[PDB]
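Below: the structure, in structure tokens.
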Amino acid sequence: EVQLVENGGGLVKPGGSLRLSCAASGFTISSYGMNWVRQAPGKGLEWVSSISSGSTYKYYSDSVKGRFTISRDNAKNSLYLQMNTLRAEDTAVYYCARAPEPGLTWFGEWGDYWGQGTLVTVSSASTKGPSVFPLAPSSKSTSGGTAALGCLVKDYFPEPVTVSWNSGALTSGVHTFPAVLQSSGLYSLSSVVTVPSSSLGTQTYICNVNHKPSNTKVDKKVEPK
Amino acid sequence: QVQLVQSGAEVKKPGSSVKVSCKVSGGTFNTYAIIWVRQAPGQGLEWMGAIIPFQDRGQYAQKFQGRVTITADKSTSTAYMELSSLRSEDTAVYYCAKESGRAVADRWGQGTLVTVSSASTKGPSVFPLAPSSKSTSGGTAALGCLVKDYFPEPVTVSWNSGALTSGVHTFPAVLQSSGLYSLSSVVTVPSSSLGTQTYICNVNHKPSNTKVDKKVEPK
Amino acid sequence: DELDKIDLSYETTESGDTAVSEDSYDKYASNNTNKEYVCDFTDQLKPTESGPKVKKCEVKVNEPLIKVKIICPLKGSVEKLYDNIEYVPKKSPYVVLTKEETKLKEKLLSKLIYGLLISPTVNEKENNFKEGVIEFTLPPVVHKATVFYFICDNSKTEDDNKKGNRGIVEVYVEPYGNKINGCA
Amino acid sequence: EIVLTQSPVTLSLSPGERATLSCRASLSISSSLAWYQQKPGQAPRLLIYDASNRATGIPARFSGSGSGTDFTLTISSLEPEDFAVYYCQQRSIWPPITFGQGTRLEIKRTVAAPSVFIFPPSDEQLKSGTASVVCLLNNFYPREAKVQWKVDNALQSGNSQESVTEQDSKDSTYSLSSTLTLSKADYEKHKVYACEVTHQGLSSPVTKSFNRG
Amino acid sequence: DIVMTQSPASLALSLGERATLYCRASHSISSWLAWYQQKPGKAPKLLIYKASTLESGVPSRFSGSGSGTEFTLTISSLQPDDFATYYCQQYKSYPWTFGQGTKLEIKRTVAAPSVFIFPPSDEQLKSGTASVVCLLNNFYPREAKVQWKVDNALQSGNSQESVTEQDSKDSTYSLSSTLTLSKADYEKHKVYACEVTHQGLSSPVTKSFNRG
């Protein structure tokens, strides 16, 4: 039907410039308005900039007033925003939304079609391979019933990562927790499973973790201490 | 965001015409007027005319007719001026400005310099103003150089390739009856340093592409 | 009549008493829906923080028989968000603000553009800002470019720490058409 | 600038109930509000444009209301697929275009007690210079819970990071993990490490301990 | 046209003092006056864009006032960046005009001149022209009088003078006086002298040499 694709992102130098582009397919961008909106993690949406009448009028937020520049090309049917000199505290994912012609009304189907978004990570370079450390379960006598075991990963960047158990086996009762960006600028999360306590001393559990940006694959074994 | 850019300084013969280029970058061009002001050095500024680009009909000062011309071109966002039939006393700095909607000119250009003297291109002659050569000494001596018979402005003078900037005075140029500019540059140095230090003055006259280095030593 | 009572110079600037220059003007055009340039000032002149930010409506006309409509809220439209609103010029379906020198002066739009279709009645009501809605229709052929302005100022509207904005309408007309196929 | 407030922050209702979301305009918006639906793994989706008009392709159960202020988004019957995050936006006083804070909808399943587990830091991790202790809560509801870390029966704060998984697709419960980050030099200075869990489904707080020194 | 009778012509002040500028008009005019700041080598910069309002970025010590036939601009205190040449402009009518301008002198302290003389060099002697330069190094005030004497005979009309801008480092500004004569006359005369008269000198200082 109609698609909106944005390009430009990855590691961004804090204290440098960057340009993002938006491409529209299946629809001719004419006599319509275009907007930029960002959404920081753990925060709501925020407007950034918008353009009207192709390139005649242009608008920016107070925080990005002057520091950001917006442009639209009719021949290429593309939308461009420019972060001129440097901004570092605007770390967020930026979205584009088709909208009617900007005016003193702004009514209509604002954001009828949305771009999938690009993650603008303006932070110090932190690319690194993940480090996996096992978490021993509780092995005991009498009737434990069930004992939980899992693995912990530290110091990997950037997202995403995939964690599986026994090459994708025993997918029942496995939970992967969301990652947290530590003060060092690095990510961390953990994955746990629940297994019967009688199999801890005889069953083998593999933690195969592959981190796509660096093609780093690490397999580790978890056993009770 | 808005900024005004003007062309460089130009020298023209009497009876010729001089053109000044003006550009308005940022804001918008059509619906605001662009004004022009000139000022003879050492005297008050003089207003000349203005134009609103969307209408080609400009208006000028009641005293200046015909010779002054102001035009606007919205395709390039420019406000060129053409001045014809130049005459003496026209040697002055020319300034451009536009009104920001507050009824007053809020932004001004870098400016342009115009010269109309009948003289032509010529290189300066550098002569040494050697310090008073006497046994008195005392750490108080003055030396310099003489720049004579050049046209037009400007000429730049530096000492020791930009060294010992304390006490060096570069005098404004003066106009001789022959039509050639002249100035002197001096520097104050300790008297006891004449026999242990070398002082070199650098003269650069861009219009004639003349560069001369002259050494100053006691006679 | 109220159509033409031009006897006041009324020298004023675009920004008026506001210190905002034209670099930070919020320039956005009137909406285009079935050949109608409308920039309604509803809710855009209410008192608010981070102001007064000048709001400018730019109507660029390049087509014949064009209809232009402008709306400004009246006093008391909403509780204590439109008091002390001012409309400039007072007669502004016909008398319009034009730019000579570096000032804004009133002039008759009929003189500037011939064949203006003034409608004295709009939605069974009077055509003036005293109703809050102004209406007129442009002719199909224009010989030369013409620029005129309308002012809807809310700078004197305030609520403790909030203050109103200033609304400006800029109608920009370019030459178009040759002649009318008919009689005179 | 006008700030839009969406209240209350989090809604817990069972499927099939009529869900009402309240949006308040600080000063006023001239019928310029819009409603959007978003999920963590996808872009937001326009539900209701203008005051009450439904957007193209939206299911008929979504309905808006309001007159210049106090706009409510009413869903006639909240389907299990309708549990998502909803935002509000106004287009009367711009720039800037102020968005809403967002509201969460969760499935209100029967209360279930959490399963508390404590994990030790591996010897390999200790050799790396950092020590982390992880406490695991599994299969609990409601989502809100209090987790406290005690070392040698002493209080700790400012060194705990936690995260919560999404609602479970099999039984509509939640899981919580908390990590205590400490250095080896500081980790050797204490003997016993333990965690405290307080939850609605527990009659009394549950204590789990672990020793190493 | 509207005349700008700006007064005074110059002002000598030190740091922290108060300065009050004035700009009258030929006839009563309601507002529409602006003040422009310009140091030597600068573009005229707008600081006050109406009767009393100020442009963004203009310091708060500036304060405009006045209406009708008289207008007043008062600067509460001067800072190191406040010395320049100021102009006043009216735009009530299309034919704008500017005033003569006001000067802001740094410091007020009288210092005698250092007088130096320089005979022409042999290289210039070959060109048929001889030039004698007199240097008045670091005086205050500017009104220094220079006269040329050749064989105790006064020389006038054949000399030119130039003055540098006042420097805040030590309230310093020199004046260069040059005497121009042909090489043939330089040989006919032997004694060449320059006399400098200044406020800080009890008696005129004379520098001379015996070459010819």
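Just remember, in the structure tokens the first chain shown is A, the second B, etc., residues are 1-based per chain, and ligands are 1-based in the order shown.
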Could you list the residues in chain D lying within 8 Å of chain C, using only C-alpha atoms, and format the result as a ChimeraX atom specification? /D:1-2,28-30,92-94
Which residues come within 12 Å of residue 130 (chain E), counting only C-alpha atoms, excluding same-chain residues fewer than 3 positions away, as a PyMOL selection string? (chain B and resi 127+146+148) or (chain E and resi 118-127+133+158+178-187+189+192+211-212)
Can you pull out every residue from region 6-211 of chain B that DSSP, working from the backbone, puts in strand (DSSP E), and format the result as a ChimeraX atom specification? /B:6,10-11,17-20,22-25,34-39,45-51,59-60,68-70,81-84,92-99,105-108,112-115,125-129,141-150,156-159,168-170,174-175,181-189,199-205,210-211
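Counting only C-alpha atoms, every residue of chain A that comes within 9 Å of chain C is listed here: residues 52, 53, 57, 58, 59, 101, 102, 103, 104, 105 and 106 of chain A.
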Residue selection dump (N, CA, C and O atoms) as a JSON list (two decimals), in the first residue's frame:
[["chain", "number", "residue", "atom", "x", "y", "z"],
["A", 52, "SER", "N", 6.38, 22.42, 5.18],
["A", 52, "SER", "CA", 5.13, 22.70, 4.49],
["A", 52, "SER", "C", 5.41, 23.23, 3.09],
["A", 52, "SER", "O", 6.46, 23.82, 2.82],
["A", 53, "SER", "N", 4.45, 23.00, 2.19],
["A", 53, "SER", "CA", 4.49, 23.49, 0.81],
["A", 53, "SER", "C", 5.77, 23.06, 0.10],
["A", 53, "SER", "O", 6.37, 23.82, -0.66],
["A", 57, "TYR", "N", 7.97, 26.59, 3.68],
["A", 57, "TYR", "CA", 7.92, 26.84, 5.12],
["A", 57, "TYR", "C", 8.51, 25.66, 5.87],
["A", 57, "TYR", "O", 8.38, 24.50, 5.46],
["A", 58, "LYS", "N", 9.15, 25.96, 7.00],
["A", 58, "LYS", "CA", 9.82, 24.96, 7.81],
["A", 58, "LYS", "C", 9.71, 25.35, 9.27],
["A", 58, "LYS", "O", 9.76, 26.54, 9.61],
["A", 59, "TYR", "N", 9.55, 24.35, 10.14],
["A", 59, "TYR", "CA", 9.30, 24.58, 11.55],
["A", 59, "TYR", "C", 10.17, 23.66, 12.38],
["A", 59, "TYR", "O", 10.45, 22.52, 11.99],
["A", 101, "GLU", "N", -1.54, 19.43, 4.70],
["A", 101, "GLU", "CA", -0.75, 20.65, 4.54],
["A", 101, "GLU", "C", -0.74, 21.45, 5.83],
["A", 101, "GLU", "O", -1.82, 21.78, 6.35],
["A", 102, "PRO", "N", 0.42, 21.76, 6.40],
["A", 102, "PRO", "CA", 0.46, 22.54, 7.64],
["A", 102, "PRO", "C", -0.20, 23.90, 7.46],
["A", 102, "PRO", "O", -0.05, 24.56, 6.43],
["A", 103, "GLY", "N", -0.92, 24.33, 8.49],
["A", 103, "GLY", "CA", -1.61, 25.60, 8.46],
["A", 103, "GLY", "C", -2.04, 26.02, 9.84],
["A", 103, "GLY", "O", -1.59, 25.47, 10.85],
["A", 104, "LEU", "N", -2.93, 27.00, 9.88],
["A", 104, "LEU", "CA", -3.49, 27.48, 11.14],
["A", 104, "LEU", "C", -4.61, 26.58, 11.65],
["A", 104, "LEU", "O", -5.27, 26.93, 12.64],
["A", 105, "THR", "N", -4.85, 25.44, 11.00],
["A", 105, "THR", "CA", -5.85, 24.48, 11.44],
["A", 105, "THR", "C", -5.22, 23.15, 11.82],
["A", 105, "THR", "O", -5.46, 22.65, 12.93],
["A", 106, "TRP", "N", -4.41, 22.55, 10.94],
["A", 106, "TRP", "CA", -3.73, 21.27, 11.13],
["A", 106, "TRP", "C", -4.68, 20.09, 11.24],
["A", 106, "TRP", "O", -4.24, 18.99, 11.61]]
Each chain C residue no farther than 8 Å from chain E, nearest pair in Å, only C-alpha atoms, as CSV:
residue,atom,partner,partner_atom,distance
C:19,CA,E:55,CA,7.8
C:101,CA,E:94,CA,5.7
C:102,CA,E:94,CA,8.0
Could the residues in this selection be written to a file with N, CA and C atoms, as an mmCIF file, in the first residue's frame?
data_model
loop_
_atom_site.group_PDB
_atom_site.id
_atom_site.type_symbol
_atom_site.label_atom_id
_atom_site.label_comp_id
_atom_site.auth_asym_id
_atom_site.auth_seq_id
_atom_site.Cartn_x
_atom_site.Cartn_y
_atom_site.Cartn_z
ATOM 1 N N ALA C 19 8.766 42.227 20.385
ATOM 2 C CA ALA C 19 10.162 42.319 19.978
ATOM 3 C C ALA C 19 10.573 41.220 19.008
ATOM 4 N N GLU C 101 7.180 52.695 2.525
ATOM 5 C CA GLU C 101 8.345 53.031 3.337
ATOM 6 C C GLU C 101 8.807 51.813 4.127
ATOM 7 N N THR C 102 8.696 51.884 5.454
ATOM 8 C CA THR C 102 8.918 50.746 6.337
ATOM 9 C C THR C 102 7.779 50.622 7.342
#
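Among the candidate residues E:46, E:132, E:111, E:13, the one lying nearest to residue 79 (chain E) is E:13, with distances computed using only C-alpha atoms.
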Could you work out which residues of chain D fall inside 8 Å of chain A? Count only C-alpha atoms, and format the result as a ChimeraX atom specification. /D:32,42-46,49-50,55,91-92,95-102,117,119-122,124-125,161-165,175-177
Please produce an output containing C-alpha atoms for each residue in the selection, written as a PDB file, in the first residue's frame.
ATOM      1  CA  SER D  32      -7.767  19.148  17.536  1.00  0.00           C
ATOM      2  CA  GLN D  42       5.897  -1.465  16.376  1.00  0.00           C
ATOM      3  CA  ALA D  43       5.184   2.099  15.312  1.00  0.00           C
ATOM      4  CA  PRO D  44       2.115   3.898  16.704  1.00  0.00           C
ATOM      5  CA  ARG D  45      -1.241   3.563  14.969  1.00  0.00           C
ATOM      6  CA  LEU D  46      -3.854   6.288  14.514  1.00  0.00           C
ATOM      7  CA  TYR D  49      -8.620  11.668  14.351  1.00  0.00           C
ATOM      8  CA  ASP D  50     -10.323  14.921  15.349  1.00  0.00           C
ATOM      9  CA  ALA D  55      -9.818   6.682  11.271  1.00  0.00           C
ATOM     10  CA  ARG D  91      -2.875  20.279  17.121  1.00  0.00           C
ATOM     11  CA  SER D  92      -4.351  23.627  18.181  1.00  0.00           C
ATOM     12  CA  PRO D  95       4.654  24.628  17.397  1.00  0.00           C
ATOM     13  CA  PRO D  96       5.469  22.450  19.263  1.00  0.00           C
ATOM     14  CA  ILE D  97       3.040  19.547  18.711  1.00  0.00           C
ATOM     15  CA  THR D  98       2.714  18.274  22.281  1.00  0.00           C
ATOM     16  CA  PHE D  99       2.132  14.536  22.703  1.00  0.00           C
ATOM     17  CA  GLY D 100       0.731  12.670  25.688  1.00  0.00           C
ATOM     18  CA  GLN D 101       2.537  10.683  28.358  1.00  0.00           C
ATOM     19  CA  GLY D 102       0.868   7.377  27.488  1.00  0.00           C
ATOM     20  CA  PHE D 117      15.144 -17.324  43.737  1.00  0.00           C
ATOM     21  CA  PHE D 119      21.665 -16.565  42.419  1.00  0.00           C
ATOM     22  CA  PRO D 120      25.353 -16.339  43.364  1.00  0.00           C
ATOM     23  CA  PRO D 121      28.120 -14.646  41.359  1.00  0.00           C
ATOM     24  CA  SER D 122      30.241 -17.199  39.527  1.00  0.00           C
ATOM     25  CA  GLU D 124      34.707 -16.633  36.650  1.00  0.00           C
ATOM     26  CA  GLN D 125      32.844 -13.357  37.204  1.00  0.00           C
ATOM     27  CA  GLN D 161      18.981  -2.247  38.652  1.00  0.00           C
ATOM     28  CA  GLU D 162      15.786  -4.095  37.768  1.00  0.00           C
ATOM     29  CA  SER D 163      13.585  -4.892  34.784  1.00  0.00           C
ATOM     30  CA  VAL D 164      10.195  -6.511  34.196  1.00  0.00           C
ATOM     31  CA  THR D 165       9.157  -8.773  31.329  1.00  0.00           C
ATOM     32  CA  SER D 175       8.493 -11.809  36.056  1.00  0.00           C
ATOM     33  CA  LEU D 176      10.957  -9.512  37.822  1.00  0.00           C
ATOM     34  CA  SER D 177      14.761  -9.583  37.956  1.00  0.00           C
TER      35      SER D 177
END
Distance of CA of residue 75 (chain D) from CA of residue 173 (chain D), expressed in Å to one decimal place: 23.6 Å
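Non-sequential neighbours of region 134-144 of chain C (distance at most 8 Å, separation of 5 or more positions within a chain, only C-alpha atoms) are residues 63, 64, 65, 66, 67, 68, 69, 70, 71, 92, 93, 113, 114, 115, 116, 117, 118, 119, 122, 127, 128, 129, 174, 175, 176, 177, 178, 179 and 180 of chain C.
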May I have the selected residues written with N, CA and C atoms, as a compact mmCIF listing (two decimals), in the first residue's frame?
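Final output, again_14.txt:
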# COMPACT_ATOMS: atom_id res chain seq x y z
N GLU C 63 -4.27 31.76 -8.83
CA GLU C 63 -5.37 31.19 -9.58
C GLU C 63 -6.51 32.19 -9.66
N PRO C 64 -7.35 32.10 -10.68
CA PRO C 64 -8.45 33.06 -10.83
C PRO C 64 -9.59 32.77 -9.85
N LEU C 65 -10.45 33.78 -9.69
CA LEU C 65 -11.72 33.66 -8.96
C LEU C 65 -11.54 33.04 -7.58
N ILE C 66 -10.49 33.45 -6.89
CA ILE C 66 -10.07 32.81 -5.64
C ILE C 66 -10.87 33.37 -4.47
N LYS C 67 -11.25 32.47 -3.56
CA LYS C 67 -11.98 32.80 -2.35
C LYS C 67 -11.04 32.75 -1.15
N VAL C 68 -11.03 33.81 -0.35
CA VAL C 68 -10.16 33.93 0.82
C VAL C 68 -11.03 34.20 2.04
N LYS C 69 -10.85 33.39 3.09
CA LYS C 69 -11.62 33.51 4.32
C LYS C 69 -10.68 33.54 5.52
N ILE C 70 -10.95 34.45 6.46
CA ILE C 70 -10.14 34.62 7.66
C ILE C 70 -11.06 34.69 8.87
N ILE C 71 -10.69 33.99 9.94
CA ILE C 71 -11.50 33.91 11.15
C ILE C 71 -10.64 34.30 12.35
N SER C 92 -11.94 45.55 8.12
CA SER C 92 -11.03 44.72 7.34
C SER C 92 -11.65 43.57 6.56
N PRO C 93 -12.79 43.76 5.90
CA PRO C 93 -13.05 42.96 4.70
C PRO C 93 -12.73 43.75 3.44
N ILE C 113 -6.66 46.17 -6.24
CA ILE C 113 -7.07 45.08 -7.11
C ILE C 113 -8.49 45.37 -7.59
N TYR C 114 -8.66 45.51 -8.90
CA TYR C 114 -9.95 45.86 -9.47
C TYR C 114 -10.84 44.62 -9.54
N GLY C 115 -12.14 44.82 -9.36
CA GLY C 115 -13.09 43.74 -9.48
C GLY C 115 -13.22 42.86 -8.26
N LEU C 116 -12.79 43.34 -7.10
CA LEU C 116 -12.94 42.58 -5.87
C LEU C 116 -14.41 42.33 -5.57
N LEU C 117 -14.75 41.08 -5.25
CA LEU C 117 -16.13 40.68 -5.00
C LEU C 117 -16.38 40.69 -3.49
N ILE C 118 -16.67 41.89 -2.97
CA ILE C 118 -17.01 42.03 -1.56
C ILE C 118 -18.40 41.47 -1.32
N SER C 119 -18.52 40.60 -0.32
CA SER C 119 -19.81 40.06 0.08
C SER C 119 -20.22 40.71 1.39
N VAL C 122 -22.15 37.37 5.08
CA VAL C 122 -21.48 36.07 5.15
C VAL C 122 -22.18 35.24 6.22
N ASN C 127 -20.10 41.12 7.50
CA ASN C 127 -18.73 40.80 7.08
C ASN C 127 -17.79 41.82 7.72
N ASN C 128 -17.27 41.48 8.89
CA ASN C 128 -16.27 42.28 9.59
C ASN C 128 -15.70 41.43 10.71
N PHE C 129 -14.58 41.89 11.29
CA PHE C 129 -14.07 41.23 12.49
C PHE C 129 -14.98 41.44 13.69
N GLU C 174 0.09 37.23 -7.23
CA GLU C 174 0.91 37.34 -8.43
C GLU C 174 0.02 37.59 -9.64
N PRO C 175 0.55 38.20 -10.70
CA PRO C 175 -0.26 38.38 -11.91
C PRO C 175 -0.66 37.04 -12.52
N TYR C 176 -1.89 36.99 -13.02
CA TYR C 176 -2.42 35.79 -13.67
C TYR C 176 -3.62 36.18 -14.52
N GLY C 177 -3.82 35.45 -15.61
CA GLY C 177 -4.91 35.70 -16.52
C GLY C 177 -4.61 36.83 -17.49
N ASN C 178 -5.40 36.89 -18.56
CA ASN C 178 -5.26 37.92 -19.58
C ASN C 178 -6.47 38.84 -19.63
N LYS C 179 -7.66 38.29 -19.86
CA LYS C 179 -8.88 39.10 -19.97
C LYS C 179 -10.09 38.21 -19.71
N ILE C 180 -11.23 38.86 -19.52
CA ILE C 180 -12.51 38.19 -19.31
C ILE C 180 -13.26 38.13 -20.64
For chain E against chain B, which residues fall within 6 Å using only C-alpha atoms, given as a ChimeraX atom specification? /E:43,46,96-100,118,164
Can you check which residues of chain B have any atom within 12 Å of chain A? Use only C-alpha atoms and format it as a PyMOL selection string. chain B and resi 1-2+26-28
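Atom pair CA of residue 164 (chain B) / CA of residue 124 (chain B) has a distance of 24.0 Å (rounded to one decimal).
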For residue 185 (chain A), find every residue with an atom within 9 Å (counting only C-alpha atoms), except residues of its own chain fewer than 2 positions away, and show them as a PyMOL selection string. chain A and resi 123-126+155+157+181-183+187
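Using only C-alpha atoms, the part of chain C that sits within 8 Å of chain B is made up of residues 12, 13, 14, 15, 16, 19, 21, 22, 23, 101, 102, 103 and 145 of chain C.
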In chain E, what's alpha helix (DSSP H) per DSSP? Answer as a PyMOL selection string? chain E and resi 122-125+183-188
Do you know which residues are at most 8 Å from residue 196 (chain A) counting only C-alpha atoms, after dropping those on the same chain fewer than 3 positions away, and could you put them as a PyMOL selection string? chain A and resi 144-147+199-200
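Using only C-alpha atoms, the nearest neighbour of residue 104 (chain C) within the list C:8, C:173, C:85, C:184 is C:8.
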When you look at residue 11 (chain A) with a cut-off of 7 Å (counting only C-alpha atoms), what residues show up, excluding the ones that are within fewer than 2 positions of it in the same chain? I need them as a ChimeraX atom specification. /A:9,13,121-122,125
What is the distance between CA of residue 93 (chain A) and CA of residue 87 (chain D), in Å to one decimal? 16.6 Å
